[PDB]
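Contents: one structure, followed by commentary.
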Amino acid sequence: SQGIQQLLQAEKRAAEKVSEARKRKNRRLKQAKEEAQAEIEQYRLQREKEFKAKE
Amino acid sequence: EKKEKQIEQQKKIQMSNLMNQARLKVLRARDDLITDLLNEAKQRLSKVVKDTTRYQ
């Protein structure tokens, strides 16, 4: 029947979307260590300015 | 924090050395004062040498 064919195609697209979402979000989780550096350098700069003010 | 402890330690060294220089100034002044008694005693003795009666 065309109904089950069309339903299975939507169900296949749904399974693909969540499987691709898992891969995207797993790759995004690996970026956390690279994105962390933007805050780390600001904490260095904050302590450096405070240190100069103490000198 | 280690760098800050080193700068605070340099401040503490400067405060300590400033207090040390103060103590050494106070002491140098005491010695100068006692040295001026020694100088004045030399002057008094020089005056006594002109008193030929007592100096004999």
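Chain labels A, B, ... are given in the sequence in which chains occur in the structure tokens; within each chain residues are numbered consecutively from 1, and ligands are likewise numbered from 1 in the order shown.
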
**Asked** Would you list which chain B residues are within 10 Å of chain A using only C-alpha atoms, as number ranges by chain?
**Response** B: 1, 3-4, 7-8, 10-11
